[PDB]
């Protein structure tokens, strides 16, 4: 198959986390299949079908934990597959793909703004919010509360190994919002002064569990200890279909040198392993609500979100498979 440059560049940048955030990763995965359909030089429908099959697979094997990525691919290729199997001609396939792909990106953008408006109603004036990592959705909520004229301060946790909290601190601060930057270790110490916790999701499971950035479960734990509300801002495509039939989510182990730089680690003894999980799993009992673009749920209603939007596809194979 004749895969375009942009499909491979996008895959590289997902692996390397130059492109990161589960929402963004997913939009970018959709963008890539769109560009493959723009520039494809294929003559028949069945050539193009095959390019998009292979482009999808390239994109799926980049980073495993955020289901947002495969839900973007599925959004485009369920539609592309249906077109092809009902004998769409070539230009009818090229459009299905381009259009499905634009549908997903626009609905993503709209969902986040909507999550912002909903979640902000749960923020009270004077609140001190503690967040983790960098999440566009969590930030939509905090940003929207500030624009409503609520006076808020956000406690940004640093989020090692990759320092995501620096992006968050600068982002919120540039909107006018006062920020307090602290280390991940200081989360319990400042939980007493915290009124709310607002964080993202990479995968939400059937039973209510949230996979998000490493350290998320600690903040959640001690939030429960102190009765601070834990609010997970998360789009419906963060919800994980395969968990309905009993799959556990893969937790991405990233390279040791994101923790200890190569120049430093090569000097350390052989009997020190460095372990770099990218994500942990927060149980549902530590979660007050999940703010989706369709509204507030208890985390145990994740099963409904999946029943009604995703369940149907589980009897079929994946839409990029032979």
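Positions refer to the first chain, counted from 1.
Which wins on mean Cα temperature factor, 89-97 or 209-217?
-> Higher mean C-alpha B-factor in the PDB entry: 89-97.
Of 31-39 and 292-300, the stretch whose C-alpha atoms average the higher B-factor in the entry = The recorded data point to 31-39.
If you compare 136, 150, 238, 160, which has the highest Cα B-factor in the entry?
-> Result of the comparison over 136, 150, 238, 160: 136.
Would you mind checking which of 116, 200, 126, 246 has the top Cα temperature factor in the PDB entry?
-> Comparing C-alpha B-factors across 116, 200, 126, 246, the top value belongs to 246.
Would you check the entry's CA temperature factor for residue 64 and let me know if it's in the chain's lowest, middle or highest third?
-> Middle third of the chain for residue 64's C-alpha B-factor.
Consider only the C-alpha atoms of the modelled residues in this chain, order them by B-factor as the entry records it, and name the third containing residue 102: lowest, middle or highest.
-> Top third by C-alpha B-factor.
Lowest, middle or highest third - CA B-factor, residue 230 | CA B-factor rank for residue 230: lowest third.
Ranked against its chain, the third holding the CA B-factor of residue 184 | Lowest third.
Among all modelled residues of this chain, ranked by Cα B factor, put residue 50 in the bottom, middle or top third, i.e. lowest, middle or highest.
-> It belongs to the highest third of the chain when residues are ordered by C-alpha B-factor.
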